[PDB]
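Have a look at the structure below, then the notes.
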């Protein structure tokens, strides 16, 4: 179980981030949701996760492109819960175009959400995790964090950077009970397995890396791509 | 829960393999132990594990250097249980010495146990798993499958070899409901920023996960458990 | 030789970038220099490289943090020389501090020079290279583009992203006679070799990847770290 | 210019190894050829290469499966030239078949030629290079040392094995003036976004570079020449 523990999951209003929220909720953790969503959808999902967690579930709308707003969520968490115990970064935007025609606006935007946000999100979560002497940081990347595909430059570039970000931080905090890891999924609903990875599966992996058994797994990436990177 | 499911585990009379044999046993799986040890020890361990599982637990003495013996153990499994559902390769030997003084004798032995044995082991397991449309192959390698170190040449070449084997076999069987992965532990209590020994229970918990149904989309990959070793 | 060919080398006023400029000059290519430097130093070095190249050597002061200024150099090159034939990215800044105390100003700055600049620099160089049906893009990264070290997060993150950037672009332009590659040096004046890599050595590698023999080497990284990453 | 320098090259009676033997020959190096081929062919090739080098060119028939024969060729080199300055492993065999139908016979053969032979080859070369304080070991592997493919299990495990061996030996000899690297070619004209065959001259140019003095700080690493293969 995950009682008293508090989890902050960016991009958790839909798909993977949401699937992760539901599992960590079933296990009794407090969940801070986040991300784009019509008011109707934000309340629906928020009340849905709430009805799973014995703890406190609540949503925060920090735009991952605004480092100031991200500090808000990171600060309100320190206040409300006394620091996040689990930090999973799932916020991610995309855009496909060949580099020589890739909007600079789109580049800066993709790097903000797919890379820099994890920075702002981690730099804020670390201190309380150090003090408490325990922590779990789990970045949701992608196969494109290990290998590339054409016309996805900004994307690919950010997942590779997230790799390096993970490796560094993990070293920095190795001796503090905190682990920093990455999950690289394939096509979630090139893949030898010929099947979509389901958000429920991806979530189970997150759940594992959060357990105390995965204390000695740090600074690494776990590929779940059905044999994608195996070639 | 692994009730009904059968697990073969090489080098499980001690250390990591044993921890994993125990974990799978508590889950209901039949276990086939394998490995070195005096007769007295072999039966002590075999009971130990049996005492946990409501299924059948027994030991096979196949020598990982003698592929025909591996072949027999694999044959016995197919007959007794209709083939292993889970297969974990943990058998491994070591020999430290700079390469120019490294005994050919020793290179040949390490390669046989650390690399070739998984070939012989997998070849006999793939058909049954294919027929049943489900399977789990978990090769216990090391962080040395990713990075190297001086004086462990045969050991390092073997682990890296297992890497390529894992990838390959995964691709071959990706559409048959079988997964094929590798666990890459660091210094285990039988270069680590974590400054803590990896426990055998820890490694076994990772094995238990990959055997589960959730881990069906994890295949042809490695998972380092080295407390940060490879991150640098 | 490299006659009529034009090379653009960011961060080429000192050290590695400069060493590369000197070799491509000895081989008769036009060289566009770039980077920080007192007027005295800019003229000294510019006249030094000039006196090596049978072609035209000239310096451009685009601040790698200003995507608009980078376009300038990329545009003036298309005008003056009809597109850069070789593009090596060597511009790089650094800052050491543990993540939870890492100035956001410093993060954004490091990503600008170490990562985003290569984007702006490449998106501008590609079209003329495609048209001409030949090209060589060589990103100077570092061992930290493959492995990590503590308190160098922004840095590490950028070199890993440069990895992914390289892999993508290389795929995009595979069939156009252009190759995109990365060089990852160790400590240039952890290393089993116990010796500093010299800028002259790093340069020789750049020179090779520029030859026609290295046409089939694309989307890859060449580690020159004296055994650093071998462990 | 490699005048005075001696190069041993396994599997150089054709293909990549031959291209590399030629390149080093034009540079002034003594060459020791090795590999399969009818008698008529062996001497034709040996002349061909000799005709380029002002140094001594000759061929040794060591069978890469018989380590004692490798040992003799290595011994003959130490006596004739006082040890190889450059050593490139290019000998390699293939066998395509899904693993459950993969002949043990064949697994053993591929592993011997593609992996173990470099062990035996390197062990006899390291001492002389150490004494002279300079050396170049260039293992010609493949893109399969990085990624896998179905039905090439022994081949893939062997290349990955060479990877780990290269890393290890590099670390062992890093301070002795010797470098140990790997070239990882793609489809060579004897999955590629470049849609062009890698030529043997191309691969040989990369070998020539790594042998040079400039490439002294490149060690324990791989260089893929696959036109993009591994980038995806």
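Protein chains in written order, with the deposited numbering: chain B, -1 to 187, 217 to 258; chain A, -1 to 188, 217 to 258; chain B', -1 to 187, 217 to 258; chain A', -1 to 188, 217 to 258. A prime marks a further copy of an entry chain.
Here a beta-carbon is modelled for each residue, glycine too, at the ideal position from N, C-alpha and C.
Option in 110(B), 19(B) and -1(B) with minimal Cα separation from residue 90(B)
110(B)
Reduced DSSP secondary structure (H/G/I, E/B, other) of residue 183(A):
strand
I'd like to know whether the C-beta of residue 117(B') is nearer than 8 angstroms to at least one C-beta of chain B.
yes
Would the region 6 to 23 of chain A and the region 236 to 246 of chain B be scored as touching if the rule is three or more Cβ pairs under 8 angstroms?
no
Can you have a look at residue 52(B) and say buried or exposed, based on whether 16 or more other CB atoms are within 10 angstroms of its CB?
exposed
Between the C-alpha atoms of residue 112(B) and residue 158(B'), what's the straight-line distance to the nearest angstrom?
14 angstroms
For a contact defined as C-beta to C-beta under 9 angstroms, what are the partners of residue 95(B) on chain B'?
Result: empty, since nearest Cβ-Cβ is about 10 angstroms, beyond 9 angstroms.
Are there three or more Cβ pairs, one per stretch, closer than 8 angstroms when the region 128 to 148 of chain A' is compared with the region 74 to 86 of chain A'?
yes
Exposure label - residue 43(A'); buried when at least 16 CB within 10 Å:
buried
Residue 150(A): buried (16+ other C-beta within 10 angstroms of its C-beta) or exposed?
buried
Give a yes or no on whether the minimum CB-CB distance between residue 120(A) and chain A' is below 8 angstroms.
yes
For residue 133(B), name the three-state secondary structure that DSSP assigns.
strand
Name the DSSP bridge partner or partners of residue 58(A')?
32(A')
Name the chain A' residues that come within less than 7 angstroms of residue 155(B), Cβ to Cβ?
Here the premise fails: no neighbours, minimum Cβ distance about 13 angstroms.
Can you say whether residue 168(B') is buried or exposed, counting buried as having 16 or more other CB atoms within 10 angstroms of its CB?
buried
So with CB distances below 7 angstroms, who are the chain A contacts of residue 127(B)?
Ordered by position in chain A, no residue passes the 7 angstroms Cβ test against residue 127(B), which lies about 15 angstroms from the chain.
For chain B', is any of its Cβ atoms less than 8 angstroms away from the one on residue 147(A)?
yes
Where does residue 252(B') land, buried or exposed, given buried means 16+ other C-beta within 10 angstroms?
buried
Identify which residue in 148(A'), 225(A'), 221(A') and 175(A') has its Cα closest to the Cα of residue 183(A').
225(A')
Per DSSP, the bridge partner or partners of residue 87(B'):
8(B') and 137(B')
Between the region 21 to 40 of chain A' and the region 18 to 28 of chain B', do at least 3 Cβ pairs fall closer than 8 angstroms?
no
Could you tell me if residue 64(B) is buried or exposed, where buried requires 16 or more neighbouring beta carbons within 10 angstroms of its beta carbon?
exposed
According to the neighbour-count rule (16 or more other Cβ atoms, all chains shown, within 10 Å of its Cβ), is residue 155(A') buried or exposed?
buried
Among 82(A), 172(A), 227(A) and 231(A), which one has its Cα closest to the Cα of residue 3(A)?
82(A)
Quick one: any contact between the region 173 to 180 of chain B' and the region 100 to 110 of chain B', if contact means 3 or more CB pairs under 8 angstroms?
no
Compare the Cα-Cα distances from residue 93(A) to each of 116(A), 18(A) and 152(A) and report the closest residue.
152(A)
Are residue 40(A') and residue 118(A') close, meaning C-beta to C-beta below 8 angstroms?
no
What separation, rounded to the nearest whole angstrom, lies between the Cα atoms of residue 73(A) and residue 55(A)?
17 angstroms
Interface partners of residue 258(A') on chain B, CB under 8 angstroms
145, 146 and 147
Could you tell me whether the Cβ of residue 74(B') comes closer than 8 angstroms to any Cβ of chain B?
no
Chain B residues whose Cβ lies nearer than 8 angstroms to that of residue 249(A):
244, 247 and 249
So, with DSSP's three-state summary, where would you put residue 176(A)?
strand
Residue range of the unbroken beta strand (DSSP E) whose run includes residue 248(A)
248 to 251
Which residues in chain A' have a C-beta closer than 9 angstroms to the C-beta of residue 79(A)? List them in chain order.
The contacting residues do not exist; residue 79(A) stays about 18 angstroms from chain A' at best.
Using a C-beta cutoff of 8 angstroms, does residue 11(A) count as contacting chain A'?
no
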